[PDB]
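Listed below, chain by chain, are the residues.
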Amino acid sequence: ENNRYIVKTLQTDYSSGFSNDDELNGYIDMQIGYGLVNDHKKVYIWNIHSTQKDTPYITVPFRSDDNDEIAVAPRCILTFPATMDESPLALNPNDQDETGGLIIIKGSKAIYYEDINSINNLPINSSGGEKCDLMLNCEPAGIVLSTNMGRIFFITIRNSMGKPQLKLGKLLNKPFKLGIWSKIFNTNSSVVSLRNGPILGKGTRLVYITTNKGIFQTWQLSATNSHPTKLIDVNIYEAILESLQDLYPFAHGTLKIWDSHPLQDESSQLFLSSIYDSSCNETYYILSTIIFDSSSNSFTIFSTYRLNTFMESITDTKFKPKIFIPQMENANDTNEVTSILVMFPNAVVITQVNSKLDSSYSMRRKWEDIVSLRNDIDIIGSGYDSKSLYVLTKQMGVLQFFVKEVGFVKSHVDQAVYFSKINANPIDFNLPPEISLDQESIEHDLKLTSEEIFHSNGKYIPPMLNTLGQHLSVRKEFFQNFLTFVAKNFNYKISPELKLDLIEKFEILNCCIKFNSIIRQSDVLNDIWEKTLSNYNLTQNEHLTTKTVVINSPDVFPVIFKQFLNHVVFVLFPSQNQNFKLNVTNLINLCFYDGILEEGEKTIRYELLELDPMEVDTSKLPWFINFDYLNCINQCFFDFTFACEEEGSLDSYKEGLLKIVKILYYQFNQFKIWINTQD
Amino acid sequence: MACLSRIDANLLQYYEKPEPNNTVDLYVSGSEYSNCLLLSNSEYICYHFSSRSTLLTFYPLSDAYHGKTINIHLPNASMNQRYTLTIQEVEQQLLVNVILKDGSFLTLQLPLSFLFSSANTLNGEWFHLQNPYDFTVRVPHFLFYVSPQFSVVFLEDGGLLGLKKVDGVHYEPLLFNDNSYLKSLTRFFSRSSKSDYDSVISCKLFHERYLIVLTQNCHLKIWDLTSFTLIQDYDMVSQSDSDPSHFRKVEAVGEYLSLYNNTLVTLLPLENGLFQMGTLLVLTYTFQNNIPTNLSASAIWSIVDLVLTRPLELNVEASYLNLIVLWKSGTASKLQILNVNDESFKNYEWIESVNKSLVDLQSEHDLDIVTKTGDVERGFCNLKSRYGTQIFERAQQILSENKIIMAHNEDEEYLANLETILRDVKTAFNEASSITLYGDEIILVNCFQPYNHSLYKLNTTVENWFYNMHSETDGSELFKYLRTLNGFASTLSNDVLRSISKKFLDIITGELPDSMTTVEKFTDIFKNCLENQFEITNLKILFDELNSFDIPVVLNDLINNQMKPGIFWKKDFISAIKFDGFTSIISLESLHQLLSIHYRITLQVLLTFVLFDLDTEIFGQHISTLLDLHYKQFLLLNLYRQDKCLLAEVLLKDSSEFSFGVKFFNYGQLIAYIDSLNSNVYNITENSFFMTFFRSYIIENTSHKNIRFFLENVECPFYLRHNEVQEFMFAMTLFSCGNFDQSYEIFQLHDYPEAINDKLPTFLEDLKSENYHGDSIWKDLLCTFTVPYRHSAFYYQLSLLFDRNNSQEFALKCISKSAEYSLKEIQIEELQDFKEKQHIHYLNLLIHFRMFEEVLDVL
């Protein structure tokens with residue numbers, strides 16, 4: 001079900017730095033959004049706009065070594081003096097408030113840009129080779145030089161006309177020596193491996209760090225006095241651990257080899273815990289949303305643990321779990337600003353949930369497995385632009401995806417799956433939660449869905465008379481499409497004592513119905529006494545009215561259909577009412593012929609290996625052995641052969657040659673056997 | 001809210017040299033600061049003091065390009081910087097008091113007749129060295145001229161010291177016993193650090209007696225110089241909303257005090273967010289409120305001046321004072337104006353400055369749709385003038401006119417500077433340093449670099465719009481009209497709107513003929529260029545958005561009060577002598593800011609009667625005037641970028657009221673002066689022509705010096721009298737350049753009922769006078785062919801001149817005209833100058849081609 005989701009296209013960017021469009025990481029900061037795809041000449045950083053080519057438009061290259069020394073997308077930044085939002089209004093004046101920097105991976109040489117557009121004028125800065133991992137901005141106009149030894153050498157820029165000063169900040173050899181935790185990123189982005197929240201969450205001039213094991217420190221830097229001031233170093237690895245286990249059960253040897261890896265910090269209000277035991281090949285997750293109540297950056301019990309019903313199944317290419325949310329300030333609802341959670345391995349957009357123990361529910365938009373695969377999806381990096389979701393998609397430019405069991409198989413199969421199969425194209429988010437409500441095994445979720453979703457093309461079009469007339473044709477392609485949905489995702493083959501191939505045999509006995517309902521001669525009056533026995537009615541001109549009851553059910557109704565053919569009497573021997581009988585012949589006699597050409601193209605060994613096991617069961621009139629009904633197609637045999645000694649040798653050759661056409665589909669129970677030698 | 005905006009300046013765009021006119025190292029034996037001097041001659045020395053502290057440029061502010069430009073090189077540097085630099089005139093000669101660093105004091109004398117006119121005439125000694133008191137081991141950081149009898153020096157070691165002159169040249173100490181050796185250590189002061197004195201960082205006078213220095217830790221120490229004793233000690237860590245537990249103490253000499261009335265202001269950094277305005281009265285120091293400023297750029301603004309002045313013509317004309325709070329932070333600067341509207345400094349009307357250029361607002365809202373700019377082989381005329389020659393010739397050659405230096409490429413100094421100099425459009429020589437009040441009240445921010453200013457100007461309430469439009473609430477219901485018409489125009493690309501603007505040129509030319517209703521024209525526009533280039537939601541949105549504003553009354557307001565001036569006129573313009581760069585920028589840039597805004601206003605309104613057939617003959621006044629205005633607009637958007645050398649001069653030229661420079665002292669003057677030249681461009685909407693006046697003269701001047709954007713100011717419909725006189729001067733356009741087959745044709749194409757009666761005012765520039773054509777070449781030469789003729793007296797005038805500047809074929813071919821197409825051929829001797837002389841001149845140009853006939857029965 002599509003809830004509040006807005007999923008279509010945004011645009012496709014200016015290209016000289018979107019020249020490259022390989023899937024990687026992208027440097028996003030909550031300001032108004034900036035977008036990146038790294039390039040190996042330059043780090044072309046753009047600001048996204050819907051005048052799409054250059055008019056408002058920032059695409060500024062920033063330096064990167066064209067050497068074996070190089071940069072990566074999170075290693076070029078946009079430096080804010082006082083992290084805090086004022087980077088707009090430099091978009092054409094080119095002020096100092098959105099500089100940037102790169103200290104080289106093995107070379108450790110700064111190229112420190114003194115403005116956004118003035119780059120000709122660079123300063124060099126040092127801690128020596130291998131003191132690197134990625135760059136972030138801090139508050140003195142400084143830059144975070146993160147090291148993956150867990151260190152951050154705090155490089156205090158003088159804020160006047162830029163110019164860094166080399167010094168060694170907090171952390172020195174302290175986490176160099178730790179190898180008993182991992183500080184080493186398997187998830188990257190300067191929103192992922194680190195976060196400096198500008199106003200996002202409890203962040204606001206607070207440099208954070210969370211390592212791949214949950215080793216969480218916080219600094220604050222006082223721009224005036226130029227100093228890293230540590231405020232915590234606590235492991236949120238002890239915070240979470242115990243109630244990871246008290247949800248999804250891990251057995252003795254499952255614990256023994258099991259890892260939790262905090263894969264994310266969203267300004268220290270979110271921590272993506274990867275519960276994974278190395279024997280399976282599925283990354284399960286718990287969304288440990290840690291909100292602090294009262295005093296912040298320390299242990300709370302509003303540390304709270306949302307057991308996913310989302311399963312990821314690993315792919316070791318296109319791996320990079322990342323979560324970018326525009327409005328992760330929320331511990332209490334909104335549902336008209338974007339604040340939905342997104343996971344992605346890089347090919348999909350997984351609309352997941354949050355704040356469901358932060359408050360009492362929050363009515364968030366559907367959880368579980370959710371895909372997107374609409375045309376050529378692959379994610380360079382999600383983000384947020386103008387406080388709404390951004391997804392920088394590879395070969396479609398930017399795509400917007402921003403958002404502003406029992407019973408779904410029993411009677412909300414007729415609402416909610418009615419909805420997830422009557423569209424699936426414009427937004428495709430609706431097929432996994434609904435069709436894996438179907439697909440997951442209970443004995444009455446696979447026996448009776450394959451009957452009751454085949455009555456949801458019994459409800460196709462909400463009017464029940466549009467769809468029984470001239471959109472009964474359009475209702476015919478939606479019988480067929482509906483059971484396309486069945487076949488690709490495994491609900492057929494699990495069956496009650498009633499045959500499950502009733503759904504198939506009725507779209508043989510549809511082609512008589514459809515012929516009458518478009519082509520109108522006087523064989524539209526056939527469906528009279530058919531209907532007006534079964535239910536007593538409106539009782540009017542129509543008895544093309546209330547065919548939505550006759551739809552999805554070839555049991556007793558073919559019997560009663562034939563009775564108005566037997567109502568065409570009074571004296572018919574000198575030929576006259578035989579014109580009527582020609583007209584009857586010409587359309588529906590090809591449609592009882594069909595079920596040799598309509599049960600050639602499909603059902604050959606879905607109706608010998610489940611038809612003949614179901615033939616064994618009969619009571620007589622119940623539909624089984626009847627396959628176009630014993631003792632009603634024999635009196636229609638005798639209707640055409642009795643027509644031909646009520647007429648000549650010409651109308652009589654027509655009605656006759658098309659009687660002995662149709663002598664084989666009162667055979668076609670065991671005459672599917674043709675290609676083969678088999679209460 | 002906000003009215004004043006930047007206009008950036010480089011005065012080397014009006015000329016082709018990248019450098020100042022002249023510079024003369026006149027030896028005494030530049031970027032950092034520039035404050036002018038108040039002089040009684042109303043033309044002010046713009047004293048740019050460098051960072052190097054030993055070069056100091058003296059040149060006229062207006063009269064800038066001409067005059068005389070002198071840099072003195074001091075034999076040693078000044079004792080700190082510009083804080084030991086005090087200039088005023090004491091004898092009609094500028095007395096430049098300096099503490100020389102090594103030990104002594106200096107006094108220079110510079111006349112107002114060798115700075116303000118060309119060449120030197122000052123000679124002998126004019127530099128006087130004297131050591132009144134030992135400054136070798138006593139170090140001051142601040143000189144304070146109080147009187148012409150007292151420029152008292154404030155030591156960091158010792159006390160406060162009076163330094164009284166006794167003849168203007170030589171000084172005598174009159175020591176004060178005010179504190180700066182009884183304090184500077186006490187209990188929040190430190191003499192072991194450059195920080196934290198009770199000695200000065202900024203002193204102002206209060207009434208020729210009381211003397212209120214602000215200190216490093218912001219103490220207004222109030223002294224009384226008839227008794228040398230303390231009056232009241234204040235400390236703004238408790239006269240503030242600022243505690244000393246988050247106070248940035250000032251740790252450098254700097255400006256923070258300003259006055260023009262009572263209003264004594266002290267700003268306090270605390271991470272540069274809470275401004276403070278206090279008040280002083282004859283002491284008793286009142287405190288009112290702290291003003292959160294609107295700032296940007298992480299609040300890394302640093303303050304270099306603050307003055308205030310009496311109320312000004314804005315959108316408002318009333319206030320109390322305009323605190324002129326001047327910020328800067330690298331390549332960019334901003335004048336935010338904390339215009340308090342009273343003694344309550346919590347009430348205000350903020351006035352933002354755009355930090356970028358006039359033409360950097362047009363690449364960030366787009367109006368470069370009317371660029372007609374060259375490349376890099378016509379870059380030597382057009383990129384020369386779009387940046388200045390100054391930026392254009394250089395690319396990393398400039399290393400201290402924008403204060404961005406280089407080191408090497410393993411540094412981020414080379415790369416940075418390389419980028420910054422070619423991004424410089426006119427911005428980043430405008431590194432705003434100080435303010436002075438030119439005339440009476442002209443807010444004249446003089447920046448770091450000589451020959452560049454930030455020109456604040458009335459800009460006017462109608463010269464904001466488009467470029468500011470979601471930050472202002474100035475203008476009326478008309479403001480809101482044009483803002484809802486950006487709900488169409490701006491949603492679309494403007495290059496779509498460029499072609500719709502093209503179809504409006506075509507209405508005037510007549511490819512779309514004028515003899516129809518403008519309903520019918522506009523539906524033919526609706527076939528072309530606005531045919532699924534509406535959005536259907538932009539359609540329906542513009543529709544209801546029109547109807548909610550009452551259309552004829554909001555057009556009525558617009559077209560008759562803004563983009564048509566009335567007659568504006570000389571209201572006492574005193575003028576500068578000589579065409580110079582600084583008065584050329586007044587007459588071109590503020591003008592264009594009014595013209596190209598009216599182009600996007602005309603674009604914007606004539607998009608909204610494309611899409612409807614509600615009558616445009618009820619709008620029949622308004623819509624015609626907007627198209628007549630469009631085509632005269634369009635002339636001056638194809639020549640602004642091309643030349644800033646040319647066009648300033650031509651709107652100087654058009655009245656002797658504007659002479660060739662204007663010195664405006666207020667805004668009664670300047671509202672009128674820009675609304676003169678607007679009315680001249682828009683010749684009302686025809687009160688004469690200035691594709692006749694402006695043009696003919698400058699065709700004979702500078703299309704002989706070969707400007708060829710005069711095919712982009714040709715543009716006339718050529719209906720009415722155009723098809724007589726504009727045919728004449730578009731012929732003469734290529735006669736000036738010597739492309740000669742066009743001259744042959746489009747001269748002879750129109751007939752001439754012209755005789756001596758005059759409707760061509762043409763002045764052949766001789767380069768010493770006007771050879772007055774159309775009258776006093778007509779009454780000469782067409783009268784010595786004896787009775788003017790309707791063809792061929794003119795076609796001697798073509799022919800003769802055409803040989804004279806070489807073109808024997810096209811000449812021959814217009815006298816092979818005038819031989820045969822003699823109108824009098826009865827062979828009588830008073831019309832045998834019209835068939836004599838024109839038959840002799842015919843035969844002259846046939847014997848250098850050596851012919852075959854044409855000497856048949858004409859020999």
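Each chain carries its own residue count, beginning from 1 and running in the order its sequence is written; this scheme need not agree with the entry numbering, and residues with no coordinates do not appear. The lettering of chains begins at A and the numbering of ligands begins at 1, in the order of writing. Note that the chains on view sit within a larger assembly, with every value limited to the chains on view. Excluding hydrogens and water, the side-chain values take into account all heavy atoms of the structure.

Structure determination for this entry is recorded as cryo-EM, at 11.6 Å resolution.

Identification of chain B as Nucleoporin NUP120 from Saccharomyces cerevisiae is taken from the PDB entry. The title assigned to this entry in its PDB record is "Double nuclear outer ring from the isolated yeast NPC".

Under the annotation held in the PDB entry, chain A carries the name Nucleoporin NUP133 and is attributed to Saccharomyces cerevisiae.

A. Molecular detail of the overall build of chain B. Where helices and strands are cited, they refer to DSSP runs of H or I of at least four residues and of E of at least two residues respectively, numbered from the N terminus. Secondary structure summary: chain B contains 21 helices and 27 strands in total. With a 1.4 Å probe rolled over the protein chains alone, any residue whose accessible area is under 20% of its type maximum counts as buried; one over 50% counts as exposed, and the rest are partly exposed. Looking at chain B as a whole, 61% of its 859 residues are labelled buried. Under the convention used here, a 1.4 Å probe and the Shrake-Rupley method define accessible areas, while residue burial counts only the protein chains that appear. If you sum the accessible surface of chain B, you get close to 31900 Å²; carbon and sulfur atoms cover 52% of it. Working convention for charge: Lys and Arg count positive, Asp and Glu count negative, and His plus the chain ends are omitted. The atoms used to mark charge sites are NZ of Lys, CZ of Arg, CG of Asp and CD of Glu. Of the side-chain charges in chain B, 65 are positive and 107 negative, and the distance between the mean point of each set is 2 Å.

B. A look at the overall build of chain A. Check the secondary structure of chain A and you find 14 helices and 20 strands. Throughout, the radius of gyration refers to the C-alpha atoms, and the reference size of a globule is 2.2 Å times the residue count to the power 0.38. What you see for chain A is a C-alpha radius of gyration of 35 Å, clearly larger than the 26 Å of a compact globule of 679 residues, by over 25%. With the C-alpha coordinates aligned to their principal axes, the bounding extent of chain A is approximately 115 × 60 × 50 Å. Counting all 679 residues of chain A, 59% fall into the buried class. When the accessible surface of chain A is totalled, it reaches about 27200 Å², and 57% of it is carbon and sulfur.

C. Spatial organisation of helix 3 (residues 414–423) of chain B. With seven of ten residues buried, helix 3 of chain B is to be regarded as a mostly interior element. Inspection of helix 3 of chain B places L415, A416, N417, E419, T420, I421 and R423 of chain B among the buried residues, and these make up the whole buried set. The criterion used for residue contact is that any of the two residues' heavy atoms lie within 4.5 Å. Against strand 3 (59–63) and strand 5 (110–113) of chain A together with helix 2 (389–392) of chain B lie the buried residues of helix 3 of chain B.

D. Quick look at the pairing of strand 11 (residues 150–155) of chain B. Residue and element names in this part refer to chain B. Taken across its six residues, strand 11 has five buried, putting it largely inside the fold. Relative to strand 11, strand 10 (residues 140–147) runs antiparallel, the two being bridged by six bridges. The residue bridging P140 from the neighbouring strand is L155, located in strand 11. In this antiparallel pair of consecutive strands, strand 10 and strand 11, the connection spans two residues. DSSP-based pairing: two strands are paired if at least 2 bridges between them are found.

E. Seen up close, the packing of aromatic side chains. Residue and element names in this part refer to chain A. Only the six-membered ring of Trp is used, alongside the rings of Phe and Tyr, when aromatic pairs are assigned; centres must lie within 6.5 Å, and planes under 30 degrees apart are stacked while those over 60 apart are edge-to-face, with the rest tilted. Tallied over the entire structure, the rule returns 65 aromatic pairs over all chains. Arranged with centres 6.3 Å apart and planes meeting at 45°, the rings of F454 and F479 form a pair that is tilted. Note that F454 is positioned in the loop between helix 5 (449–452) and helix 6 (472–488) and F479 in helix 6, a separation of 25 residues in sequence. By relative accessible area, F479 is classed as buried at 0%. Grouping aromatic residues by their ring pairs yields a cluster made of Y248, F250, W258 and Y284. Sitting above the plane of the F408 ring, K366 keeps its charged end 5.9 Å from the centroid. One cation-aromatic arrangement involves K659 over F637; the distance from NZ or CZ to the ring centre is 4.6 Å. Criterion for a charge above a ring: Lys NZ or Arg CZ within 6 Å of the ring centre, and within 35 degrees of the ring normal.

F. Spatial organisation of the nonpolar core. Residues and elements named next belong to chain B. In this structure, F58, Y481, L482 and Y673 are the most contacted members of the largest nonpolar core, which totals 165 residues. Broken down by element, the residue count for this core peaks at twelve residues, all from helix 10 (residues 581–605). In this structure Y673 touches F573, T583, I586, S587, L652, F658 and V662, once residues within four positions along its chain are discounted. Here, the term nonpolar core denotes a set of buried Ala, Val, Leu, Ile, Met, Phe, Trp, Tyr and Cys residues that are joined through side-chain atoms within 4.5 Å. Within the second largest apolar cluster, 53 residues are counted, among which are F176, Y210, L323 and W327.

G. How the structure looks around the interface of chain A and chain B. Contact with chain A, which involves 42 residues of that partner, is made by 38 residues of chain B. Note: buried area is the sum, over both parts, of the accessible area (probe 1.4 Å) each one loses when the two are combined. Overall, the association of chain A and chain B removes approximately 3000 Å² of surface from exposure, summing both partners, and the carbon and sulfur fraction of that is 45%. Salt bridges are defined as contacts in which a side-chain nitrogen from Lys or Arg sits within 4 Å of a carboxyl oxygen from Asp or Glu. Where chain A packs against chain B, one counts one salt bridge. The salt bridge partner of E271 of chain B is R205 of chain A, with a shortest N-O separation of 2.7 Å. For this analysis, a polar contact is any N or O atom pair within 3.5 Å, provided that within protein one partner can donate a hydrogen and the other can accept it, and provided that sequence-adjacent residues contribute only side-chain to side-chain pairs. Summed over the shared surface of chain A and chain B, the number is 40 residue pairs in polar contact.

H. Representation of the pattern of salt bridges. By the definition in use, this model includes 41 salt bridges over all chains. Across the pair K547 of chain A and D527 of chain A runs a salt bridge, and its minimum N-O distance is 3.9 Å. In this pair, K547 of chain A sits in the loop between helix 9 (527–534) and helix 10 (557–562) while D527 of chain A sits in helix 9, placing the two residues 20 residues apart along the sequence. For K547 of chain A, a relative accessible area of 1% gives the class buried. Taking the shortest distance from any N to any O, the salt bridge between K194 of chain B and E156 of chain B comes out at 2.9 Å. Highlighted residues: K194 of chain B in the loop between strand 13 (171–175) and strand 14 (200–206) and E156 of chain B in the loop between strand 11 and strand 12 (160–165), separated in sequence by 38 residues. A relative accessible area of 44% places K194 of chain B in the partly exposed class. Since its relative accessible area comes to 9%, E156 of chain B is described here as buried.

I. How the structure looks around the sheet that holds strand 2 (residues 42–46) of chain A. The sheet built from three strands is open, its strands ordered 1-2-3 (chain A) with antiparallel pairing. The outermost strands of the open sheet, each flanked by one partner alone, are strand 1 (35–36) and strand 3 of chain A.

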